[PDB]
Peer 1: 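Encoded as structure tokens, here's the structure I'll be asking about.
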Amino acid sequence: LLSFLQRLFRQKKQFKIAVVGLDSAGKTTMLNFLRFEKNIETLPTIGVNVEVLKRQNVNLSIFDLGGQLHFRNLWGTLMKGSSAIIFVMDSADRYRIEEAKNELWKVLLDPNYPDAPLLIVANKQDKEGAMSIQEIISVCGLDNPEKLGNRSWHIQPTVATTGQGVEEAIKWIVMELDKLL
Amino acid sequence: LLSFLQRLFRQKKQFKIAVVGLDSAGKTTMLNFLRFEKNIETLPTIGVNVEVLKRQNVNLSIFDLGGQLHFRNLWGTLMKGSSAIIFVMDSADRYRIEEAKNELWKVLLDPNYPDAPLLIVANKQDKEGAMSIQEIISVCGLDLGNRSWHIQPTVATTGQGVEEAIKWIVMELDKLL
Ligand SMILES: Nc1nc2c(ncn2[C@@H]2O[C@H](COP(=O)(O)OP(=O)(O)O)[C@@H](O)[C@H]2O)c(=O)[nH]1
Ligand SMILES: Nc1nc2c(ncn2[C@@H]2O[C@H](COP(=O)(O)OP(=O)(O)O)[C@@H](O)[C@H]2O)c(=O)[nH]1
Ligand SMILES: [Mg+2]
Ligand SMILES: [Mg+2]
């Protein structure tokens with residue numbers, strides 16, 4: 001299971017996969033498949049300890065955007081050292097899609113990691129109200145990608161509750177970080 | 001309705017009520033009965049912004065304890081200037097009552113506001129496995145001395161016990177009593 005995670009484990013460096021999105025998008029449900037164990041990341045400047053996940057040299061940092069607590073410089077503090085970003089959206093939630101779009105663009109336009117590959121996960125594709133990946137790309141202003149620049153990006157439909165598309169989502173991230181490709 | 005909130009509005013100072021407890025205890029649900037307006041408290045010196053509920057000179061700050069974030073000096077940073085504390089517990093969750101007890105004692109043994117009144121809210125009393133307020137007192141070892149405290153059973157979904165819970169806090173903050 002996920003044999004290709006060895007493409008990260010074999011490299012002599014530390015990886016951090018930032019997994020962000022609004023609450024209830026499905027981030028925890030999606031990453032539960034990896035069975036990574038809890039790790040504590042200390043942020044001495046802020047004076048806060050953060051519960052993250054880690055297996056060997058790969059750290060998964062999951063964070064709800066638009067929650068009760070916001071970091072003023074998320075990408076310079078909790079997400080410092082980000083190698084790749086997974087932005088998870090609830091594709092069935094049209095009430096929150098404009099907020100999700102707005103949070104996605106705050107990540108894309110942040111100056112800390114402009115070259116970190118970013119995967120949009122269009123989650124909850126099993127629900128009757130689910131937006132297509134084409135509609136998500138249009139609503140997000142990604143049909144004509146110019147503001148994104150040279151950043152590698154992709155969109156993957158998923159059903160995190162069954163695991164549909166989850167292995168393919170992780171594969172895209174690992175492939176973008178694989179020095180052998 | 002809640003006419004006694006005027007006992008805070010008519011006092012010439014700012015009040016901050018820290019509303020803390022584990023995630024899913026019922027903090028947001030309990031406070032919705034007040035209809036305060038969502039606002040953003042910015043804290044540039046700590047590096048975070050927080051959602052607060054505001055009405056006139058009263059601010060309510062909700063924070064989930066024992067979750068992903070653990071602040072070293074919560075009562076001197078995020079909850080600085082707390083006038084009163086409301087600690088909400090899911091009384092029906094025996095799987096998390098020991099973590100709630102541990103978080104409560106971390107709050108009690110903290111040196112920032114050792115005398116702001118503290119209300120323990122034993123929420124979800126409507127649920128089948130709900131613990132009594134006496135069993136919560138026994139589990140948490142509350143059977144302090146230098147601090148004003150009370151425990152109130154509530155059903156945040158219907159509002160049962162919520163008026164008495166806010167009433168106790170306002171009475172503790174009311175210099176006209
Ligand atoms: N129908 C459906 N529900 C999902 C899916 N993924 C997650 N959920 C549910 O959405 C809710 C929020 O999921 P969670 O992983 O906690 O979200 P997070 O806050 O982004 O970590 C939970 O009730 C999940 O069971 C999905 O693909 N389809
Ligand atoms: N049965 C029952 N459910 C409750 C009660 N209070 C809250 N809930 C539910 O518990 C969940 C968590 O409540 P919420 O206000 O988000 O908790 P918070 O994280 O502490 O702010 C929601 O599904 C609420 O509807 C209660 O007194 N009884
Ligand atoms: Mg969440
Ligand atoms: Mg919460």
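In what follows, every chain begins at residue 1, and chains take the letters A, B, ... in the order their sequences are listed. Values below: all heavy atoms of this structure, side chains included; hydrogens, waters and symmetry mates excluded. For ligands, and for the atoms within them, numbers begin at 1 and follow the listed sequence.
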Peer 1: Ligand 1: which residues have a non-hydrogen atom closer than 4.0 Å?
Peer 2: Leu22(A), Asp23(A), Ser24(A), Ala25(A), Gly26(A), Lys27(A), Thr28(A), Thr29(A), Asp64(A), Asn123(A), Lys124(A), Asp126(A), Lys127(A), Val159(A), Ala160(A), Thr161(A)
Peer 1: When you compare the side chains of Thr42(B) and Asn49(B), does any donor N or O come within less than 3.5 Å of an acceptor on the partner?
Peer 2: no
Peer 1: Would you call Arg94(A) and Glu135(A) a salt bridge, taking side-chain N to carboxylate O under 4.0 Å as the test?
Peer 2: yes
Peer 1: Tell me yes or no: between the side chains of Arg10(A) and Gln6(A), is some donor less than 3.5 Å from an acceptor?
Peer 2: no
Peer 1: Going by side-chain contact (heavy atoms from CB on, under 4.5 Å), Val121(B) matches just one of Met89(B), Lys27(B), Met30(B). Which one?
Peer 2: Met30(B)
Peer 1: Using a distance threshold of 2.8 Å, what protein N/O/S atoms lie below it relative to the Mg ion (ligand 3)?
Peer 2: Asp23(A) OD1, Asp64(A) OD1, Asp64(A) OD2
Peer 1: For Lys167(B), which residues count as a side-chain hydrogen bond (donor to acceptor under 3.5 Å, both in side chains) partner, sequence neighbours excluded?
Peer 2: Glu164(B)
Peer 1: Got a sec, which residues hit salt bridge (charged side-chain N to carboxylate O under 4.0 Å, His left out) with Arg72(A), two or more places apart in sequence or on another chain?
Peer 2: none
Peer 1: Does a side-chain heavy-atom distance below 4.5 Å link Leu31(B) with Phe36(B)?
Peer 2: no
Peer 1: Which residue is it: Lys124(B), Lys127(B), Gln125(B)? I am looking for the one with a side chain to side chain donor-acceptor pair (under 3.5 Å) to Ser91(B).
Peer 2: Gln125(B)
Peer 1: Walk me through whether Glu51(B) and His70(A) qualify under side-chain hydrogen bond (donor to acceptor under 3.5 Å, both in side chains).
Peer 2: CA-CA 8 Å; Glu51(B) 305 207 296; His70(A) 306 322; 4.5 Å; no
